[PDB]
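One chain comes next, on its own, written out as C-alpha cells in the form deposited in one PDB entry.
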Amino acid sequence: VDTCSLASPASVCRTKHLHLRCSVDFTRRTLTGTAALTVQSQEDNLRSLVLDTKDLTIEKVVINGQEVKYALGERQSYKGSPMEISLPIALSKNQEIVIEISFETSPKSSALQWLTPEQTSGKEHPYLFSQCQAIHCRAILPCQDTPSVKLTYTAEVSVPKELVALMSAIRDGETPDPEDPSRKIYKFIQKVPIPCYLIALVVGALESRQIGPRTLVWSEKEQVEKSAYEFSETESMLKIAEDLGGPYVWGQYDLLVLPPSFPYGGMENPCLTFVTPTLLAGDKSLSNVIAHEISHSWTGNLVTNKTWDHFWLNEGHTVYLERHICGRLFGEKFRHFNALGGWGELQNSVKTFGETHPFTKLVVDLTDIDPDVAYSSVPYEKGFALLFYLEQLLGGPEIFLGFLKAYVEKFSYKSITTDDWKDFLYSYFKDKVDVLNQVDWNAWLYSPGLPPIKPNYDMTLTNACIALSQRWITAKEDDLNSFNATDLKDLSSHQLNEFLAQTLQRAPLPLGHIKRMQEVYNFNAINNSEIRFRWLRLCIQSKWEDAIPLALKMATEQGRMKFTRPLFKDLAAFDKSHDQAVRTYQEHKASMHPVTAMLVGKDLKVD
C-alpha cells in the first residue's frame, strides 16, 4: 500500500512500458502529446484501472484504435486527481494492453520549471527542466505514480530546432520534425526498468563536452569549461562505484548542469544526472555530490524503495556508498571526517523539527503528508548512521561492503521495504544474528529523535575545526586581537566548512566576534556555496545588518533549497531583515521553481 498514489496498485496491474510522443510549447508553457502505456493485468476479469494525474488536461483515451470512457475524480490536494479508465474488454491475469492517452500539462505543473531567456546564461533562448521525485511525474503524464512499479520507456520529443532535448535515457538520434520544419525531434530509449520518478526532461540551448569514456557534461555554453574541470573525477568515481556495487548497467553516465533555480544538489536521473551550478566551486571540493549521484545507479535506481515511507533505503545506502567512494579516493580519515560531519547535520535536523517530530523517524508515515514537506537530511543521515553503526558492529568496512554488494545483487530491478532489507541483513549475517539482536530495531527504525547509539568516529581531521570554533566561542573581547589569517593556513575547504558548521551550532555569537572574523578571515570573498551559506547564516543569526544584502542575494540568485530555505528563514527571524525577506519572496515567487516557491511560502508563513 502506497499512501501517496491514487493509481491502481501493483497487485491490480503493472505498467511495463511507456512510449511518449510529445511537443514542448514555450509560448503556452505546455507539454502536449500522447503517453502510450503497456499495462499488464495482475488480476482476473480486470475491467477498469486508475492512474495518477495532477493538473493535466485529458483530450482522449484510445485502446485498440477506439476512444474509451474515462473519468477524472475530485482533486485530492498535493496527490492530484485520479483518472479511472474503462477498459473495452475484460483482461485475464498477465494479459497486456496498450492505452494511449492524449494529454497536455498545465503551465503551473509542479514537475516543471519554464524559464524565460532572461532567466538563462545565454539570454537568447528559453529553458525547461523537470524534477519528478517524489510524486511529480503525475504532473507531466498520466501514470501509476509509485516507485513500486518499474517500466522501460521510449520517447520522441519535438522542440524548436535551435534547442536541444535530453532525457533520463540513451540518446537515439535527432531529425527535423516531419510535421514542422521549424522544429526537431529528439529520440530516447530507456531499456532498463525504472520507477516513473526517474523520468526526466530538459530542453534548452545546451552544449556538451566529453570528460570521460562514458561521460558528457551538458550545460549552456557559458558553463561548459568550468563544468568539465569541476567534474573531472567522475570516471574514477564510476570505476570505484562499479567495484563496490557491481556492474554499471546504464550504458552512459552523463551530467547536466542546470540553471541556478534547480531545487536540489543533484538528481540521479538514469544516464543523465542533474546537478546544481552551486557545485561550481572551481576546485572540485563539492564532488561528493557527484559520488552520491553515481552511487544511486545501484542504491535507488536498481534497488528502489517500494513506497516513500521507505525513502531512507535509497538515501542511507547511497550516502554510505558515496562516503566509501570519497574514502577510496582520499583516505579512510576523510571518510570518517565526512561521516562525523553527517552526524552534525543530523543533530541540526532533529533540533529543527524537534526530537519527538514524526519526520525524524527513519521509516515515516506519509499518509496525508506531502513528501516535499517531509523532505530533510533525516533519511540521508539517520540512514547513514544506522549502516555505519552496523558496519562497526559486524566487523568493519570490508565485511559490510560484502553485504552491500550482495544486497544490490539480491534486489536489482526490484522495489523493496525496510522489512525486505532487514530480512536480507539477517540472512546475510546469519552467523552474527546474536550481534544483530543487540540492535534496538524499534528505536532506530520507528522512534523520533537522535539514534539510540552514536557510531565511533576517527577525529583526526575534525580536531582542528573543533579547536578553532572553541577558541572563537570562548573568546572574550580582549582575545579578539589574537585571531589572524594564519589560523586558516592548514585548513582545507572542507575543514573551513566544518569550522563554520561547528560555530553555527552555537550561533548567535557576539556581533563584535563576527565583525572580527570578517576582518581577519575575509569570509565575504569566499564563493564556495557551502562555506558562503554557513558564513551568511552565522552573520544573520548574529544580527549583522551588513550581511542582509549578501544573504538576500544568495537566497535569490540561486534556488537550491538546502541554501534558499534556511537563508529566507534566517532573514525572516532577524527583525532588521524580516520585511525585506517577505517582500523579496513576494517579488520573486512567480519566477521561482514551483516546489521551492511553495516551501519558502510555508516557511515564511506567506500564503
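Residue indices: 1-based, along the sequence shown.
Comparing 340 to 348 with 293 to 301, the higher mean C-alpha B-factor in the PDB entry belongs to 340 to 348. Mean CA temperature factor is higher for 448 to 456 when stretches 448 to 456 and 518 to 526 are set side by side in the entry. Note on the listed residues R471, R75, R532, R209: the highest Cα temperature factor in the record is that of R75. Note on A111, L366, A228, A241: the highest value goes to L366, judged by CA B factor as recorded. Residue-level temperature factors show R28 in the highest third of its chain, judged at the C-alpha atom.
Compared with the other modelled residues of the chain, the Cα B-factor recorded for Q586 ranks in the highest third. Sort the modelled residues of the chain by CA B factor and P263 lands in the middle third.
Annotation for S48: CA B-factor lies in the highest third of the chain's modelled residues. Sort the chain's modelled residues by C-alpha temperature factor and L286 lands in the lowest third, per the entry.
Keep in mind that the form solved in complex with a small molecule is not shown, yet the notes after this line are about it.
For the small molecule in the entry with it bound, the listed stretch (283 to 291, 401 to 409, 119 to 127, 199 to 207) containing residues with heavy atoms inside 4.5 Å is 283 to 291. Interface residue among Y264, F499, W114, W298, judged by heavy atoms within 4.5 Å of the small molecule in the entry with it bound: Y264. A heavy atom within 4.5 Å of the small molecule in the entry with it bound is found for one listed residue only; from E220, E315, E230, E391, this is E315. Under a 4.5 angstroms non-hydrogen atom cutoff, the small molecule in the entry with it bound has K562 among its neighbouring residues. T304 falls outside the set of residues with a heavy atom inside 4.5 Å of the small molecule in the entry with it bound. A residue is said to contact a partner when one of its heavy atoms sits within 4.5 Å of a partner heavy atom; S148 fails this definition for the small molecule in the entry with it bound, lying far away. The small molecule in the entry with it bound is approached by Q133, whose closest heavy atom lies within 4.5 angstroms of it.
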